[PDB]
Amino acid sequence: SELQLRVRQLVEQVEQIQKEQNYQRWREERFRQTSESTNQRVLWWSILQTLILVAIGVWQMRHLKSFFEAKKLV
Amino acid sequence: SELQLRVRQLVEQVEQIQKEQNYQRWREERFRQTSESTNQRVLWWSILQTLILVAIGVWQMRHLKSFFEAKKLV
Amino acid sequence: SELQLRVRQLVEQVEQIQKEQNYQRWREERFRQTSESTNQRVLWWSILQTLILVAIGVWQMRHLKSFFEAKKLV
Amino acid sequence: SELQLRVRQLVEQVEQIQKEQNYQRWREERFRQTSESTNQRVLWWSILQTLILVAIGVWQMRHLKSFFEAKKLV
Amino acid sequence: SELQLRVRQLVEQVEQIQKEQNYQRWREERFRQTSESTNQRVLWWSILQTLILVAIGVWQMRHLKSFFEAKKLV
Amino acid sequence: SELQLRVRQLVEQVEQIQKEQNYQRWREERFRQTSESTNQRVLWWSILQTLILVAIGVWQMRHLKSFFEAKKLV
Amino acid sequence: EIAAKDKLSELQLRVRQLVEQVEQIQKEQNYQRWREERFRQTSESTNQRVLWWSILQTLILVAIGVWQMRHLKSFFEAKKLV
Amino acid sequence: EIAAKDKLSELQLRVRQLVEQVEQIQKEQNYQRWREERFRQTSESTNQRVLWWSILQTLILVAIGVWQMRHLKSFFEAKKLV
Amino acid sequence: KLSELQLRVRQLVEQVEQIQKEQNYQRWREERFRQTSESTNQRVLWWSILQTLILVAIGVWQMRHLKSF
Amino acid sequence: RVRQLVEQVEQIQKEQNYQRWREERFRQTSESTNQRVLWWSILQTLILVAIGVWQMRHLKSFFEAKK
Amino acid sequence: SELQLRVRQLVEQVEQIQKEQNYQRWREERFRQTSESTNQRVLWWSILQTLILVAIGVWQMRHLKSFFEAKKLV
Amino acid sequence: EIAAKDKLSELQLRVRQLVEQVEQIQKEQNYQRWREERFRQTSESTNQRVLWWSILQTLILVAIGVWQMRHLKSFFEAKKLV
């Protein structure tokens, strides 16, 4: 029944294979949701940076103006 | 007979495992290429934005200097 | 014996599925670590960034304060 | 020899089990990584919330003073 | 026979470890989804709060400008 | 002979699997309890901080009103 | 002495009683704890329920801030009017 | 006789110590239970609070609306005065 | 005989679990009672807080009425 | 005899379960019923509050009457 | 004879035990229902939030109208 | 006498068995503690080349800001003498 034994072993391999298919699916999901997160991520941080830059510019401008006015009064 | 059906089943398992290997190699390629692309992409954008930040910082410095020189000639 | 040959084939197939399963695991783990790291790094940088910008704003105000004092004292 | 065959099967299973032990480690790792993320994340989220309150209060007091002066001087 | 009962014990053990691996895989999928959802939601709230404060600051600046316009007309 | 060695191997594998079952169930309850605790803690902190934001926002609403009344009685 | 030994015997009986008292405590530790896990389930449900509603109300607070601004406007459009 | 019996007494003393020590262990077990109970109590309290704590959360919008309505009413009154 | 005795032992185990079932029930009821009571007091306490907020607004427009006088 | 006794214990266990069924029912009622009172109960609370405001209004009216 | 009768009783005993087990399973189902009863209680809280408040609002409106009448008298 | 003492010893052994049960409970607590301990948040100190550059860059930006400020101050001084 050697052949049969071999067949049994093959079926054991089969179950394991199903499990690995599932694992692959999980990996795919990870890439998917992680790819979505990193896409949102990077972009949003960049946006923030832009905003901050704008803000600094504004700040500078404002204070310059203020000082000018101060000396205009002086 | 039944052993013939089991031989067909094992051939089916071999085919599915070959598909598993193809998808495994391809998906490794996806992770590796995507990870390298993401790292290079974030490096490019973020270093570019750092140089941009310093560039407009110096540009605002120069514009404060120019406005103050204009004030000197009032 | 044809049957025997097929048994051998099956064994080889099993082997292929097995060592590679280990490989897959490694890929995942390794891969995951990398991913994690990347994410973390990004996040860290962002936080360092924003907060730092806030501080910068505060110090701009501080510069006005010393400068303002100079304008008064003079 | 049947017994021996069974034993061989058992060893294959233990190897799988080997990978299963690795999976347990994986679980652990995952969990802890998540924990870390929440920790640092909740930490600087609370920190940023404190900055939210401080920034709002300080700047509202600032325009309090500015609008006070504006209505006084008109 | 002792060999047959060893075989039955081995089969029971392999079934048990297969159920165990199923449980670990499903639990990893579920809790990975939960963890990434929670982390994404919290960081999304953090970036939203940053935008909330930027919007509030600008809108109250517009508010003060509206007072300036009103006083300029009275 | 070798068969009793195989019996010892199977027994130690069963012992290791029982240890893995204990660790798996224990770590499962760590995930469950930790997830519930994290959700409860973030809910607590979030509700506390939103109540803080609204309450102190109203508080300097009242303080702005009080300062305006004080200016009226100048 | 003899009397003391008798007392010791009485004490032994008391320790038997003590042993009985332990077991009960162990029982308390089991099933009760499982029901504590059910209480935790309830808590979890509640958490799920508030992992968004609170945010809506935060947005609500932003709106409140704007309401405050409006009220302030009213207040300052009053002092000028005297 | 004598000395041997003294040794026996020593053994008895050891037993007494075990009874004492054991009792202390039991006390410790009790401590590890009361704390747990407290935690459970807290959880139940929390549930109630959530509904009612939750009620306070749901009192933060409606109330605001009501205030606004009152303001409107005041405005109407002003119109009546003018 | 022996087998039967073992079965009896199993029954005893079931009765221990049976006791546990009773315990579930009682736990539930107890919990419920306590919970309800405390809960009641709490949402009423908060009604009072809300009342204060509303009451203060009433005071704010009594003032308006005074201005109208 | 012994077997009869075993049967009896089994029966007892079943009975315990049924006692618990009743308990469960009670619990359900408690959960709903009392909470419904939190219904009725808070209606009463609202009423109390309302009364308070009415009283306040009356006071205001008195002040109006005293100019 | 008698002994045999006792054996029969024992089998009946076993049947009863089985029934007890069934009952236990049904009680577990009841527990599931109990777990979902909490959600029904939350629905009751939602109803409390959405009808009594409405009533209050209506009430307010009506009595505000009464105040208007009073104002007309005054 | 002797025999009675032997019986007492047996009782003590039973008590010790109860103590062992308590020890098992303690072990469970220890297992809970094992499901913890270890380290905390990981600290960056590797790869230095890229990560280091990033941090460095941030710092540089800050420094640049400061430099600008200094320059501005200098300008102010110049015109203060003007």
# chains A, B, ... in the order shown; residues from 1 in each chain; ligands from 1

$ calpha_fit_rmsd --fixed "chain E" --moving "chain K"
4.9 Å

$ calpha_fit_rmsd --fixed "chain H" --moving "chain L"
7.0 Å

$ atom_distance --atom1 "atom CA of residue 55 of chain L" --atom2 "atom CA of residue 51 of chain B"
14.6 Å

$ residues_around --residues "segment 5-8 of chain E" --least-positions-apart "6" --cutoff "9 Å" --atoms "only C-alpha atoms" --output "VMD selection string"
(chain D and resid 2 to 3 6 to 7) or (chain F and resid 7 10)

$ closest_atom_pairs --of "chain E" --to "chain A" --cutoff "12 Å" --atoms "only C-alpha atoms" --output "Markdown table"
| residue | atom | partner | partner_atom | distance |
| --- | --- | --- | --- | --- |
| E:11 | CA | A:12 | CA | 10.7 |
| E:14 | CA | A:12 | CA | 9.2 |
| E:15 | CA | A:12 | CA | 10.2 |
| E:17 | CA | A:16 | CA | 11.3 |
| E:18 | CA | A:15 | CA | 8.5 |
| E:19 | CA | A:19 | CA | 11.1 |
| E:20 | CA | A:19 | CA | 11.8 |
| E:21 | CA | A:19 | CA | 8.4 |
| E:22 | CA | A:19 | CA | 7.8 |
| E:23 | CA | A:19 | CA | 11.3 |
| E:24 | CA | A:19 | CA | 11.1 |
| E:25 | CA | A:23 | CA | 7.8 |
| E:26 | CA | A:22 | CA | 9.5 |
| E:27 | CA | A:26 | CA | 11.7 |
| E:28 | CA | A:26 | CA | 9.3 |
| E:29 | CA | A:26 | CA | 6.9 |
| E:30 | CA | A:26 | CA | 10.4 |
| E:32 | CA | A:30 | CA | 8.9 |
| E:33 | CA | A:30 | CA | 8.9 |
| E:34 | CA | A:33 | CA | 11.9 |
| E:35 | CA | A:33 | CA | 11.8 |
| E:36 | CA | A:33 | CA | 8.4 |
| E:37 | CA | A:33 | CA | 9.5 |
| E:39 | CA | A:37 | CA | 10.2 |
| E:40 | CA | A:37 | CA | 7.5 |
| E:41 | CA | A:37 | CA | 10.7 |
| E:43 | CA | A:41 | CA | 9.4 |
| E:44 | CA | A:41 | CA | 9.4 |
| E:46 | CA | A:44 | CA | 11.5 |
| E:47 | CA | A:44 | CA | 8.1 |
| E:48 | CA | A:44 | CA | 10.4 |
| E:49 | CA | A:48 | CA | 11.8 |
| E:50 | CA | A:48 | CA | 8.6 |
| E:51 | CA | A:48 | CA | 8.5 |
| E:53 | CA | A:51 | CA | 12.0 |
| E:54 | CA | A:51 | CA | 8.8 |
| E:55 | CA | A:51 | CA | 11.1 |
| E:57 | CA | A:55 | CA | 10.8 |
| E:58 | CA | A:55 | CA | 10.2 |

$ interface_residues --of "chain H" --to "chain L" --cutoff "12 Å" --atoms "only C-alpha atoms" --output "list in words"
residues 4, 5, 8, 9, 11, 12, 14, 15, 16, 17, 18, 19, 21, 22, 23, 24, 25, 26, 27, 28, 29, 30 and 32 of chain H

$ write_last_selection --atoms "N, CA and C atoms" --output "short mmCIF file (atom, residue, chain, number, x, y, z; two decimals), in the first residue's frame"
data_model
loop_
_atom_site.label_atom_id
_atom_site.label_comp_id
_atom_site.auth_asym_id
_atom_site.auth_seq_id
_atom_site.Cartn_x
_atom_site.Cartn_y
_atom_site.Cartn_z
N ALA H 4 13.39 13.42 72.86
CA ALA H 4 12.62 12.96 71.71
C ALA H 4 11.30 13.70 71.65
N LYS H 5 10.61 13.75 72.79
CA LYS H 5 9.34 14.45 72.84
C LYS H 5 9.53 15.93 72.49
N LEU H 8 9.53 16.23 68.89
CA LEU H 8 8.14 16.15 68.43
C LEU H 8 7.45 17.52 68.56
N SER H 9 7.64 18.18 69.71
CA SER H 9 7.07 19.51 69.94
C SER H 9 7.55 20.45 68.85
N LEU H 11 8.42 19.75 65.82
CA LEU H 11 7.66 19.40 64.62
C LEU H 11 6.29 20.08 64.67
N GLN H 12 5.61 19.96 65.82
CA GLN H 12 4.30 20.60 66.00
C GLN H 12 4.40 22.10 65.72
N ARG H 14 6.49 23.68 63.84
CA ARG H 14 6.60 23.84 62.39
C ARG H 14 5.21 23.79 61.76
N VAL H 15 4.43 22.78 62.14
CA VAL H 15 3.07 22.64 61.64
C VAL H 15 2.26 23.92 61.89
N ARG H 16 2.35 24.45 63.11
CA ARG H 16 1.65 25.68 63.48
C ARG H 16 2.05 26.79 62.51
N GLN H 17 3.36 26.94 62.27
CA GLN H 17 3.86 27.94 61.33
C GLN H 17 3.19 27.76 59.98
N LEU H 18 3.13 26.52 59.48
CA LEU H 18 2.48 26.23 58.21
C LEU H 18 1.03 26.72 58.22
N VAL H 19 0.31 26.46 59.31
CA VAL H 19 -1.06 26.91 59.42
C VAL H 19 -1.15 28.43 59.34
N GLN H 21 1.29 30.62 58.05
CA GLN H 21 1.77 30.97 56.71
C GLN H 21 0.68 30.74 55.68
N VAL H 22 0.11 29.53 55.70
CA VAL H 22 -0.96 29.14 54.81
C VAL H 22 -2.09 30.17 54.87
N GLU H 23 -2.52 30.51 56.09
CA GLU H 23 -3.57 31.50 56.28
C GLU H 23 -3.19 32.80 55.57
N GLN H 24 -1.95 33.27 55.77
CA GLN H 24 -1.48 34.48 55.10
C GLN H 24 -1.65 34.35 53.59
N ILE H 25 -1.24 33.21 53.02
CA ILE H 25 -1.39 32.96 51.59
C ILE H 25 -2.85 33.14 51.19
N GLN H 26 -3.76 32.53 51.96
CA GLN H 26 -5.19 32.67 51.70
C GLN H 26 -5.58 34.15 51.67
N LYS H 27 -5.11 34.94 52.64
CA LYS H 27 -5.39 36.37 52.68
C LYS H 27 -4.95 37.01 51.37
N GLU H 28 -3.73 36.69 50.92
CA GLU H 28 -3.21 37.22 49.66
C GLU H 28 -4.17 36.88 48.52
N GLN H 29 -4.64 35.63 48.47
CA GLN H 29 -5.59 35.20 47.44
C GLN H 29 -6.82 36.12 47.49
N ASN H 30 -7.35 36.35 48.69
CA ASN H 30 -8.49 37.24 48.86
C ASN H 30 -8.20 38.63 48.29
N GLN H 32 -6.17 39.35 45.88
CA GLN H 32 -6.19 39.22 44.42
C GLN H 32 -7.60 39.05 43.84
#

$ interface_residues --of "chain A" --to "chain L" --cutoff "12 Å" --atoms "only C-alpha atoms" --output "PyMOL selection string"
chain A and resi 53+56-57+60+63-64+67-68+71+74

$ write_last_selection --atoms "N, CA, C and O atoms" --output "PDB file, in the first residue's frame"
ATOM      1  N   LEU A  53       4.840  76.053   5.058  1.00  0.00           N
ATOM      2  CA  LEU A  53       5.667  76.988   4.315  1.00  0.00           C
ATOM      3  C   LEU A  53       4.912  78.282   4.082  1.00  0.00           C
ATOM      4  O   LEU A  53       5.420  79.388   4.401  1.00  0.00           O
ATOM      5  N   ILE A  56       4.706  80.281   7.164  1.00  0.00           N
ATOM      6  CA  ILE A  56       5.928  81.019   7.520  1.00  0.00           C
ATOM      7  C   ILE A  56       6.034  82.278   6.708  1.00  0.00           C
ATOM      8  O   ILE A  56       6.207  83.348   7.305  1.00  0.00           O
ATOM      9  N   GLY A  57       5.787  82.159   5.396  1.00  0.00           N
ATOM     10  CA  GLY A  57       5.839  83.308   4.504  1.00  0.00           C
ATOM     11  C   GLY A  57       4.964  84.422   5.040  1.00  0.00           C
ATOM     12  O   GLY A  57       5.466  85.539   5.338  1.00  0.00           O
ATOM     13  N   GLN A  60       6.238  86.116   8.196  1.00  0.00           N
ATOM     14  CA  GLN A  60       7.334  87.012   7.867  1.00  0.00           C
ATOM     15  C   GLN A  60       6.801  88.339   7.419  1.00  0.00           C
ATOM     16  O   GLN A  60       7.045  89.380   8.079  1.00  0.00           O
ATOM     17  N   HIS A  63       5.032  90.425  10.086  1.00  0.00           N
ATOM     18  CA  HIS A  63       5.885  91.118  11.031  1.00  0.00           C
ATOM     19  C   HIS A  63       6.649  92.256  10.411  1.00  0.00           C
ATOM     20  O   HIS A  63       6.691  93.324  11.014  1.00  0.00           O
ATOM     21  N   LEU A  64       7.086  92.077   9.158  1.00  0.00           N
ATOM     22  CA  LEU A  64       7.822  93.099   8.438  1.00  0.00           C
ATOM     23  C   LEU A  64       6.963  94.344   8.408  1.00  0.00           C
ATOM     24  O   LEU A  64       7.383  95.410   8.918  1.00  0.00           O
ATOM     25  N   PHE A  67       6.623  96.086  11.745  1.00  0.00           N
ATOM     26  CA  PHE A  67       7.794  96.859  12.114  1.00  0.00           C
ATOM     27  C   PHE A  67       7.855  98.165  11.368  1.00  0.00           C
ATOM     28  O   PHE A  67       8.087  99.215  11.991  1.00  0.00           O
ATOM     29  N   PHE A  68       7.564  98.098  10.063  1.00  0.00           N
ATOM     30  CA  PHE A  68       7.570  99.279   9.215  1.00  0.00           C
ATOM     31  C   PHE A  68       6.643 100.303   9.834  1.00  0.00           C
ATOM     32  O   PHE A  68       7.072 101.413  10.163  1.00  0.00           O
ATOM     33  N   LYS A  71       7.990 101.983  12.948  1.00  0.00           N
ATOM     34  CA  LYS A  71       8.917 103.082  12.680  1.00  0.00           C
ATOM     35  C   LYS A  71       8.253 104.291  12.019  1.00  0.00           C
ATOM     36  O   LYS A  71       8.665 105.426  12.246  1.00  0.00           O
ATOM     37  N   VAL A  74       7.184 106.146  14.683  1.00  0.00           N
ATOM     38  CA  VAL A  74       8.361 106.697  15.347  1.00  0.00           C
ATOM     39  C   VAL A  74       9.102 107.709  14.472  1.00  0.00           C
ATOM     40  O   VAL A  74       8.569 108.202  13.478  1.00  0.00           O
TER      41      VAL A  74
END

$ closest_atom_pairs --of "chain H" --to "chain J" --cutoff "12 Å" --atoms "only C-alpha atoms" --output "tab-separated table"
residue	atom	partner	partner_atom	distance
H:48	CA	J:35	CA	10.6
H:51	CA	J:35	CA	10.4
H:52	CA	J:38	CA	10.2
H:55	CA	J:42	CA	11.5

$ residues_around --residues "residue 59 of chain H" --least-positions-apart "5" --cutoff "9 Å" --atoms "only C-alpha atoms" --output "ChimeraX atom specification"
/H:54,64 /I:46-47,50 /K:49

$ closest_atom_pairs --of "chain I" --to "chain K" --cutoff "9 Å" --atoms "only C-alpha atoms" --output "CSV"
residue,atom,partner,partner_atom,distance
I:1,CA,K:7,CA,8.1
I:4,CA,K:10,CA,6.2
I:7,CA,K:14,CA,7.3
I:8,CA,K:13,CA,8.7
I:10,CA,K:17,CA,8.5
I:11,CA,K:17,CA,6.8
I:14,CA,K:20,CA,8.0
I:18,CA,K:24,CA,8.8
I:21,CA,K:27,CA,8.6

$ write_last_selection --atoms "N, CA and C atoms" --output "PDB file, in the first residue's frame"
ATOM      1  N   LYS I   1     -20.665  -2.239  36.747  1.00  0.00           N
ATOM      2  CA  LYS I   1     -20.735  -1.495  37.998  1.00  0.00           C
ATOM      3  C   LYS I   1     -19.826  -0.272  37.962  1.00  0.00           C
ATOM      4  N   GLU I   4     -20.753   2.368  35.548  1.00  0.00           N
ATOM      5  CA  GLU I   4     -21.897   3.101  36.084  1.00  0.00           C
ATOM      6  C   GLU I   4     -21.432   4.152  37.097  1.00  0.00           C
ATOM      7  N   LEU I   7     -20.078   7.061  35.377  1.00  0.00           N
ATOM      8  CA  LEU I   7     -21.187   7.854  34.852  1.00  0.00           C
ATOM      9  C   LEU I   7     -21.729   8.763  35.955  1.00  0.00           C
ATOM     10  N   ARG I   8     -21.956   8.211  37.154  1.00  0.00           N
ATOM     11  CA  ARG I   8     -22.430   8.999  38.290  1.00  0.00           C
ATOM     12  C   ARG I   8     -21.485  10.177  38.535  1.00  0.00           C
ATOM     13  N   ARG I  10     -19.569  11.682  36.410  1.00  0.00           N
ATOM     14  CA  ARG I  10     -19.830  12.634  35.330  1.00  0.00           C
ATOM     15  C   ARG I  10     -21.055  13.479  35.678  1.00  0.00           C
ATOM     16  N   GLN I  11     -22.136  12.826  36.128  1.00  0.00           N
ATOM     17  CA  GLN I  11     -23.349  13.529  36.537  1.00  0.00           C
ATOM     18  C   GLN I  11     -23.007  14.575  37.597  1.00  0.00           C
ATOM     19  N   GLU I  14     -21.585  17.521  36.023  1.00  0.00           N
ATOM     20  CA  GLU I  14     -22.665  18.277  35.397  1.00  0.00           C
ATOM     21  C   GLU I  14     -23.372  19.150  36.437  1.00  0.00           C
ATOM     22  N   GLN I  18     -24.055  22.804  36.681  1.00  0.00           N
ATOM     23  CA  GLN I  18     -25.456  23.200  36.921  1.00  0.00           C
ATOM     24  C   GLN I  18     -25.473  24.381  37.903  1.00  0.00           C
ATOM     25  N   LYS I  21     -24.525  27.460  36.177  1.00  0.00           N
ATOM     26  CA  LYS I  21     -25.658  28.021  35.435  1.00  0.00           C
ATOM     27  C   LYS I  21     -26.506  28.920  36.340  1.00  0.00           C
TER      28      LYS I  21
END

$ atom_distance --atom1 "atom CA of residue 44 of chain J" --atom2 "atom CA of residue 47 of chain G"
29.6 Å

$ closest_residue --among "I:42, I:37, I:15, I:20" --to "chain H" --atoms "only C-alpha atoms"
I:42

$ closest_residue --among "I:54, I:45, I:17, I:25" --to "chain J" --atoms "only C-alpha atoms"
I:25

$ interface_residues --of "chain I" --to "chain H" --cutoff "9 Å" --atoms "only C-alpha atoms" --output "list in words"
residues 31, 34, 35, 36, 38, 39, 40, 42, 43, 44, 46, 47, 50, 53, 54, 57, 58, 61, 64 and 68 of chain I

$ interface_residues --of "chain J" --to "chain I" --cutoff "6 Å" --atoms "only C-alpha atoms" --output "JSON, numbers by chain"
{"J": [6, 10, 13, 16, 20, 23, 24, 27]}

$ write_last_selection --atoms "C-alpha atoms" --output "PDB file, in the first residue's frame"
ATOM      1  CA  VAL J   6     -27.206   8.826  38.905  1.00  0.00           C
ATOM      2  CA  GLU J  10     -28.924  14.143  35.934  1.00  0.00           C
ATOM      3  CA  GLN J  13     -28.917  19.185  36.638  1.00  0.00           C
ATOM      4  CA  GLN J  16     -30.977  23.620  37.586  1.00  0.00           C
ATOM      5  CA  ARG J  20     -31.517  29.322  35.261  1.00  0.00           C
ATOM      6  CA  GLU J  23     -33.389  33.551  35.863  1.00  0.00           C
ATOM      7  CA  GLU J  24     -32.398  34.480  32.293  1.00  0.00           C
ATOM      8  CA  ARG J  27     -32.644  39.249  33.665  1.00  0.00           C
TER       9      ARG J  27
END
